[PDB]
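Here is the structure we will look at.
By letter and in written order, the chains are A, B, C, D, E, F, G, H and I; residue numbering begins at 1 in each of them.
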Amino acid sequence: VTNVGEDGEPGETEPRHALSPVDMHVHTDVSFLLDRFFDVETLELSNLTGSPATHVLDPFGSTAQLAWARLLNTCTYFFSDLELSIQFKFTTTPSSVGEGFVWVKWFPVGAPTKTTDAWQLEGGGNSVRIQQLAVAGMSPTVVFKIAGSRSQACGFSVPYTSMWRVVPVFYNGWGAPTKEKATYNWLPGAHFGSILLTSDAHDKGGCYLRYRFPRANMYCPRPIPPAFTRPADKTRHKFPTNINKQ
Amino acid sequence: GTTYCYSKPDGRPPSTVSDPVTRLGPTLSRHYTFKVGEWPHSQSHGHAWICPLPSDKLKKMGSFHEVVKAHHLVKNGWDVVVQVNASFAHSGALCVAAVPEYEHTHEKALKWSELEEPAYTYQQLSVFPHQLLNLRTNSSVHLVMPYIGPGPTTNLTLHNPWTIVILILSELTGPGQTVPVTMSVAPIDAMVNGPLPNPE
Amino acid sequence: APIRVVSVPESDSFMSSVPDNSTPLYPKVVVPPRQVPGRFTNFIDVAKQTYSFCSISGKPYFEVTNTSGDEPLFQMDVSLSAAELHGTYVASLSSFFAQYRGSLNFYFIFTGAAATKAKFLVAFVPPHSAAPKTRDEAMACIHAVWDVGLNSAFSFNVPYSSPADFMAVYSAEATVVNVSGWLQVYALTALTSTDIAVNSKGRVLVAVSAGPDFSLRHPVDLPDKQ
Amino acid sequence: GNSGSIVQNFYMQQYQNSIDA
Amino acid sequence: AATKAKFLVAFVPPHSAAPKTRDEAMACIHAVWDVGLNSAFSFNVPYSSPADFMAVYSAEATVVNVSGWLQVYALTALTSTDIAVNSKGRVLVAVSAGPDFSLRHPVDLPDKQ
Amino acid sequence: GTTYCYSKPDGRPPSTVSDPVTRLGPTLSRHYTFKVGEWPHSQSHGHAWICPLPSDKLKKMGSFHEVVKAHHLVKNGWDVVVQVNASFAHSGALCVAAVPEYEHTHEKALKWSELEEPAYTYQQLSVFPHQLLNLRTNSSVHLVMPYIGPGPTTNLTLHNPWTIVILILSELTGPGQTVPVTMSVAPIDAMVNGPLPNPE
Amino acid sequence: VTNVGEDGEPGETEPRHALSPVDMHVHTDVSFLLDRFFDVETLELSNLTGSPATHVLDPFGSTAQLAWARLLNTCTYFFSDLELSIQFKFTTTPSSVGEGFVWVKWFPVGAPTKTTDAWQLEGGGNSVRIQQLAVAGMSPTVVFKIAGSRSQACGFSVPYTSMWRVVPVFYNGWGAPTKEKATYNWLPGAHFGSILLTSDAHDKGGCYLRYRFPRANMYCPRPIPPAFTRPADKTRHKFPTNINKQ
Amino acid sequence: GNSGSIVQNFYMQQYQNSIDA
Amino acid sequence: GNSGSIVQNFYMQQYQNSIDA
């Protein structure tokens, strides 16, 4: 009612010569917010021998206060490719590992799994056994050394493997006929596939997972979790910054 | 007024079945009408009636019901219309929404029920395809949702993509009685796969 | 024939935001196509084309009773890190950044029964003085009048007023780009009702949409919860 | 979205990433 | 050739708990084979799944682990010129790949089992 | 060879219902296949297997079955193919027919069964749309019947218009074993009326 | 008979609206499945002195459960070029080798062979002798160091050398007039040629063979070996995966 | 088949691999 | 004879080798 200002008048609000543009919104571009490296996870290695476990690239669980945590929670359905950096930190005296040969293998959404030592390198007694799937072949293997290695890390790009045209970050259903608990918001292969780190370290070190999700596609906006306690009435939420009264 | 859930419904036949496809004439997927519940004077805000479609209440669609019984999968939308009944002396409002893979449900999955959302949610419920039911303005919320989900069609026995929230915003303030909520679901663009055998 | 190269000083350093990508190790993957509706492109769109519901003492509405006068009914420090925003979309989206910019639209939906009527002065008070405390005090400023019973819902635009080309998504001890003012709804009259024994109060929901000129910048990582 | 170098296409559009239909 | 018989080849969708009699499967996708019209017959086990792709490596029943059940049933029995010579019949059963059949994501071999 | 029962089937919709009409896609009224019985060496002529369509065996059409369950009436034809299995050392013949309002059945109505016709009948059975199954010539009788009856459509629960007779003309003479009869019914041009309620 | 569905009808099957395409089969492209690195073999070195043995690149024997094992067994006749990676692992304390100079030489299908020390490097007494054919010349030599060598490996491409227009992975005949055992599925130079690794390590290390076969050409499909035990009746073969009930 | 870079032809088609007739 | 790269001319024909008359 009445609209454009100055007259006390009922529905009549005042004028607003709305703003110009700068930045063209671009930072809030879902594809851009997601194409960078995130420190998601931290895990330890496996000994070259034993009958070890594969690890799963599932950045959909969350709960850890991390920005990329939420954001993936912001949408119902997601699709993007993957990109890694694995860094391996030291947890003892760095002079313990002279070699430090690390085997890594990537497993695509839905690959077979049981592995036991099965490859045997020998030479001058002693002789090493690497893992049955640590080996090089079909799924990409990546071997790197950490011995003065100016950056104890390795890295690469890996495609959207799932058999699902998109991934439901939420699922009002079960992924199995047996409607068991655990099988709730599940639906199998709703992730990026898996990896196996294995080495004569394993002890002496932890890892550093890092994902970069290029080509981000987000479908169906969802409620965006608060992330901070509710401040008191009629007040602000004061925080420490690059600004502030010095 | 008519509000669309993300997009008008497509009668396209499933990108993932070489298997023979029965399309459902309205006259099969007919129309269904039930009472959700009686919004009462006590139920503080944040409450809600979860209506995950269609299950729990699927036993009651007695025709549409029937074909989805003896058939493995289905793809279909939903014309749905929530109808609260109250006089002009009542106050209060709800917000009813269609939610994609809604979940919390304390695994009472696919069973309609009642809950109290966490708040950040009712605050942001509106971020989904929803409509406002304001007791001094209207008495009907009307929505239409399309098939949706990771698969190009699913098993309604394991998954319900669409689920109506009927959220309590401003408490029911006014005459002592309750205000009965109600809802008419009627399947849009229904399509089945693989007939299952005989119940023996 | 070998190329002559000098190894730039940082050479073996990592850096987590490289504008470039890593080497592929699984090529030739063609992906299945997705119809799946509502793919959003940019976060500002849902924030603009979408109303969130405010936060006051825990509820998303404020009350009018058959007794009120000039006591301000709704008040908020215009800052994203303000209270009555805490619950909302816009506010929470902005946590993902450093600087915000523009006007915000407020939607008040009076929800008292039709037998009922009332009026309010929604006003915006510029960040100088020490905050008004009565209608007759705020009135001299930007405000409009809402007679519930003409529109049962009304929109009000909290403008962007600042030497600041951009503003602070993360406010704190009052700085010059920390606050843009104060939103206040006051009660112009009180609750008139057909029968005051049934309808004695009214609940006005208050929602917040993002401003058309609204924008966000400089993505940031999360500090310690607080 | 965020890929900005020139060498970003050192590898093919086919090899590098994934491809829709 | 002195012999004849018929079968109901049927495909039963991965829900229930598997049929156990012809009259049970019959309500589903199937055709009829009267050996003595064609001495060989082809039957196409279709692809039915929300799954854009399926599992080459199956296991404890998942939603993309199975696509159903193939079943041949005996429509009638073995009629023969002289039942003391021909009392039974052997139907070979071969499998060709489907025209829409495809495979993806090459993998390395796990422990034999 | 294909033999027609009085006339090709009409997909016309019932001259007697202002009431909404669901037509049945093949994919609903699919195809069904069962064994009638084992024609044995002892059963002297005049015997027969009565197959009044479809009842008794209606519980087993598990899809078509389903829609006719929750619906008052239906009009439909029948593609039906009776298949005796026997070698070239067997002799004998039957005559299988489609009969309009067949009756005798000792009121074991709508239940398939076995009988011995009066004779003037088997002699004149052929006066109906029938086909000959001669063990030195063929091994299949094939017929297709159209909707028929006093009403322009009926209740399949009370009336079965079509009914297959499978009559024994010349006894089964030859190798000691029996010759299994069989039959594939599949509804043609199906059409329903009035959905009935829910089974509660 | 009858074909396109719904009528109980004899030869009449039901309809099948066959599928769309995605992936264009491409992964099953023999040329693509073969152009990557495989961990085929593992061998030890030879001392710079003695009268050592050449090693043979014959990836046609098989028997080892390895994917590339079968696959080469999938065809009667094969042709592709070769590509290597040799990695040298350590089998003792990595601090034992200060230098670790390794000589490698590649020998093309049908090269001469007897080698004894024959090259003498001298300087300040002691003096090293390398192998008569370890030397650099006609057949490619590759010398690399393993002393902090951030990747103890070396690598290169080598052409189809054989005098056979193609290689029979199977041979119903003998390669010699003397129809002896051993000379069965043989036919000489039905392989890639050979290599000699030699170094002041030899003890202290094993190697890591890896082949990549570009330009793969496979002629005459053959039966493809099962690779897993036969499961029980009317059951599946349950396996561990990236999916599975958690 | 699987060679996808640009530098894949850093070396000649003649030098790199083998050549048919 | 045996020079086959592209970078083989990283240096000039004049600088690299020798030149006849």
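Worth pointing out:
Operating definition for what follows: a contact is a pair of C-beta atoms (placed from the backbone, for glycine too) under 8 Å apart; a residue touches a chain by one contact, two chains touch by 3 or more.
Chain F is reached from chain B by a rotation of 180°, derived from superposing Cα atoms (nearest 5).
When the interfaces E-G and C-I are ranked by how many C-beta pairs touch across them, E-G comes first.
Remark: chain G and chain I have CA centroids separated by 37 Å (rounded to whole angstrom).
Computed centre separation for the pair chain D/chain E is 44 angstrom, with centres defined by C-alpha atoms. Centre-to-centre spacing of chain D and chain H amounts to 21 Å, using the average Cα coordinate of each chain. Here the spacing of chain F and chain I, counted between their Cα centres, is 93 Å. Multi-chain contact residues of chain D (touching two or more other chains) are listed as 2-3, 11-12, 14-18, 21. Multi-chain contact residues of chain C (touching two or more other chains): 21, 23-24, 27-34, 36-38, 46, 50, 55, 87, 89, 92. The set of chain A residues that touch two or more partner chains comprises 29-31, 36, 77, 107-114, 118, 135, 137-139, 150, 157, 159-161, 163-166, 176-178, 187-189, 214, 220-221, 223-226. Those residues of chain I lying in contact with chain C across their complex are 5, 7-8, 10-11, 16. Interface of chain A with chain G (complex): residues 54, 56, 98-99, 101, 107-114, 118-128, 135-138, 141, 143-145, 147-150, 176, 178, 180, 182-183, 186, 188-189, 191, 193-194. Per the touch definition, chain C reaches chain G in the complex via residues 28-33. Residue ranges on chain E touching chain F, taken from their complex, read 2-6, 8, 22-23, 26-28, 30, 32, 34, 36, 75-77, 79-83.
Chain C contributes residues 1-3 to its touches with chain I in the complex.
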